[PDB]
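Right, one structure below, let's go through it.
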Amino acid sequence: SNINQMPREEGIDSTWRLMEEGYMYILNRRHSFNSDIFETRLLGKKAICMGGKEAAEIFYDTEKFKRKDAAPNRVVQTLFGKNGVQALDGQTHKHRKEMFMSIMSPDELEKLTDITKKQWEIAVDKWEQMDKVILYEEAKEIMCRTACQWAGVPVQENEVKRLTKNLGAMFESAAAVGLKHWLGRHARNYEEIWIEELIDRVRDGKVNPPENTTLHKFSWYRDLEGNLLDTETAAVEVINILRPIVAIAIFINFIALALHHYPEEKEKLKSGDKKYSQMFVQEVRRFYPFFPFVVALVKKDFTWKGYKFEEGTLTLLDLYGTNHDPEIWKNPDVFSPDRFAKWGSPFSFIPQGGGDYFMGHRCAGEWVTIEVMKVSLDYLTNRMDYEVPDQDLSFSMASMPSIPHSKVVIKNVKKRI
Ligand code: HEM
Ligand SMILES: CCCCCCCCCCCCCC(=O)O
């Protein structure tokens with residue numbers, strides 16, 4: 001059939017509009033163009049942006065889209081690391097992804113939840129002897145201690161503080177400009193070298209992590225040819241566990257926000273029926289902004305909706321806008337856990353990617369995230385009391401990630417006993 005012209009945003013480069021609008025950039029234009037797909041110019045080149053469940057399923061078609069060389073270098077050097085799983089395609093990707101999925105078994109997730117609970121207890125005891133407590137910063141430290149213990153990474157106290165700062169900077173810098181962006185580049189450089197040394201100690205026999213742990217599994221994994229991963233690559237992969245675990249602190253912020261803003265939803269949790277906590281956690285992941293979009297390159301020319309996708313074109317999948325799509329969800333722009341009662345598809349609810357864990361790039365740590373969020377919600381509701389003082393809890397849709405301006409201050413913390 002005839003090739004049609006995709007809706008097109010004019011201007012020599014539109015990256016500035018993405019920087020100004022953030023999470024809302026793609027959905028605003030899906031609305032104004034009356035199309036789930038449009039073309040623009042971002043980072044000096046043509047770009048295609050698309051959202052909704054059909055677009056998501058097409059984006060996850062690995063005959064049509066590849067990840068090699070898709071992410072901008074500025075994102076590789078902050079968020080991802082070079083030559084990690086995010087960069088791979090085909091059987092090489094499948095085999096690397098199996099390494100990540102191998103640490104996600106029932107017994108290992110139980111180990112994670114036990115650690116997470118203990119580290120919450122430790123933090124709460126500390127906060128009870130404090131006055132004001134900055135939840136985002138304290139939660140990053142909870143999650144850094146949890147990550148290192150679960151991963152088998154030995155850390156001294158000074159190393160905990162430094163890692164918490166540097167892992168934070170890696171994700172807080174990825175969509176930043178200027179001075180702030182470079183903090184994350186330097187943070188990544190420092191921890192890559194530190195983790196590389198540690199992996200060399202594992203391989204030399206001088207450190208002996210338990211067999212079940214990330215550090216053991218990633219240090220000893222062999223590729224499709226039977227060879228150990230390069231030390232640099234294995235370090236990037238370990239950081240691809242430690243960093244996103246720290247990042248759960250962003251979702252902890254939003255759990256606390258939701259408990260403060262929605263007392264009727266909090267009261268439904270006081271029952272002990274786990275269905276309510278499950279719905280609440282899912283709705284936090286659906287409603288609040290976090291990972292805006294993912295990127296791929298067109299692998300081979302193809303047609304969809306009458307439009308030509310040309311090989312090599314950078315393509316953005318709108319995660320935020322799909323999670324807020326009024327063609328998928330009833331009243332998408334309100335927080336309503338009841339929408340999940342006995343719950344859509346793997347392409348419609350995509351805060352941590354869509355599709356299949358093994359056949360695509362969907363987040364390896366989605367179950368970790370959900371389980372950590374459940375522990376955190378249980379702590380904040382059932383194991384402590386605190387006050388939320390008057391403060392600026394607003395969160396900007398132009399900042400990625402989006403953090404409430406006050407960083408969520410709590411006070412008068414008391415552990416229930
Ligand atoms: C804290 C909140 C998190 C969010 C919002 C999040 C979101 C995402 C998204 C959107 C992707 C990319 C999907 C794609 O490329 O198609 C991804 C990939 C990934 N995530 Fe997460 N994630 C989080 C936590 C975690 C955790 C806790 C872990 C590890 C325990 C983790 C490990 C990974 C890995 C290894 C990948 C790359 C998978 C691949 O390329 O095949 N993430 N995540
Ligand atoms: C490829 C688009 C980059 C988007 C900008 C990053 C803002 C969100 C931070 C996401 C962190 C998710 C977990 C992680 O990978 O550490």
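Identifiers for the structure tokens are assigned positionally: chains receive A, B, ... in sequence, residues are indexed from 1 per chain, and ligands are indexed from 1 in the order shown.
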Check your understanding: How would you write, as a PyMOL selection string, the set of residues no farther than 10 Å from ligand 2 when counting only C-alpha atoms and all ligand atoms?
Key -> chain A and resi 22-23+70-72+74-76+78-80+86+167-176+239-248+250+289-296+316-317+351-352+363+365+369+399-402
**Study point:** Near-region 117-133 of chain A list (6 Å; only C-alpha atoms; drop same-chain fewer than 2 positions) as a ChimeraX atom specification
**Key:** /A:114-115,135,142,409-411,413-414
Since we have the selection now, will you write its residues out, keeping N, CA, C and O atoms, as a CSV table (one decimal), in the first residue's frame?
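After the write, selection-v1.csv holds the following:
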chain,number,residue,atom,x,y,z
A,114,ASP,N,14.2,-10.4,53.7
A,114,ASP,CA,14.7,-10.5,55.1
A,114,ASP,C,15.7,-9.3,55.3
A,114,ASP,O,15.6,-8.6,56.4
A,115,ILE,N,16.6,-9.1,54.4
A,115,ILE,CA,17.6,-8.1,54.5
A,115,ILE,C,16.9,-6.7,54.6
A,115,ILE,O,17.3,-5.8,55.3
A,135,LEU,N,13.7,11.6,54.2
A,135,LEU,CA,13.4,10.3,53.8
A,135,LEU,C,14.2,9.8,52.5
A,135,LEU,O,14.7,8.7,52.5
A,142,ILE,N,19.4,3.0,53.2
A,142,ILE,CA,18.8,1.7,53.4
A,142,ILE,C,19.0,0.8,52.3
A,142,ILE,O,19.4,-0.4,52.4
A,409,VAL,N,10.5,15.2,54.2
A,409,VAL,CA,10.9,15.4,55.6
A,409,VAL,C,9.9,14.7,56.5
A,409,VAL,O,8.7,15.0,56.4
A,410,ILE,N,10.4,13.9,57.4
A,410,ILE,CA,9.5,13.3,58.4
A,410,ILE,C,10.2,13.6,59.8
A,410,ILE,O,11.3,14.0,59.9
A,411,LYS,N,9.3,13.5,60.9
A,411,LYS,CA,9.9,13.9,62.2
A,411,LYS,C,9.1,13.1,63.2
A,411,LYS,O,8.0,12.5,62.9
A,413,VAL,N,9.8,10.4,64.7
A,413,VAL,CA,9.7,8.9,64.3
A,413,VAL,C,9.7,8.1,65.6
A,413,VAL,O,10.6,8.3,66.5
A,414,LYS,N,8.9,7.1,65.7
A,414,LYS,CA,8.9,6.2,66.8
A,414,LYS,C,8.6,4.7,66.3
A,414,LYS,O,7.6,4.5,65.7
Practice item. Excluding region 391-395 of chain A and any residue of its chain fewer than 5 positions from it, enumerate the residues within 6 Å of it, using only C-alpha atoms, and give them as a list in words. Key: residues 402, 403, 404, 405 and 406 of chain A
**Study point:** Nearest to ligand 1, chosen from A:91, A:331, A:278, A:345, with only C-alpha atoms and all ligand atoms counted in the distances
**Key:**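 When distances to ligand 1 are compared using only C-alpha atoms and all ligand atoms, the smallest one comes from A:91.
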**Study point:** Long-range neighbours of residue 343 (chain A) as a list in words, 12 Å cut-off, only C-alpha atoms, 2 positions minimum in chain
**Key:**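 Near residue 343 (chain A), the qualifying residues are residues 275, 278, 279, 282, 283, 337, 338, 339, 340, 341, 345, 346, 348 and 349 of chain A.
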Check your understanding: Can you list every residue in region 189-355 of chain A that DSSP puts in helix (DSSP H, G or I), as an NGL selection string?
Key -> :A and (189-204 or 214-220 or 231-261 or 263-269 or 274-287 or 319-323 or 337-340)
Exercise for review: May I have the residues within 10 Å of residue 198 (chain A) as a list in words, using only C-alpha atoms and disregarding those fewer than 5 positions away in the same chain?
Suggested key: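 Here the qualifying residues turn out to be residues 153, 154, 192, 193, 203, 204, 206, 207, 215, 219, 231 and 235 of chain A.
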Point to revise | Residues near residue 55 (chain A), cut-off 12 Å, only C-alpha atoms, skip fewer than 4 positions along chain, as a ChimeraX atom specification | key: /A:30,35-38,48-51,59-61,64-65,304-305,315-319,321-322,347-348,350,354-355
Review point. Between A:360, A:389, A:272, A:81, which one has atoms that come closest to ligand 1, using only C-alpha atoms and all ligand atoms?
Key: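 Using only C-alpha atoms and all ligand atoms, ligand 1 sits closest to A:360.
Checking A:311, A:385, A:232, A:57 one by one against ligand 1, counting only C-alpha atoms and all ligand atoms, you find the shortest gap at A:57.
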Exercise for review: Please identify which residues in region 298-408 of chain A DSSP calls strand (DSSP E or B) from the backbone, and express them as number ranges by chain.
Suggested key: A: 298, 302-304, 307-309, 314-318, 351, 353, 384-387
Point to revise | Pick from A:299, A:94, A:415, A:162 nearest to residue 356 (chain A), counting only C-alpha atoms | key: A:94
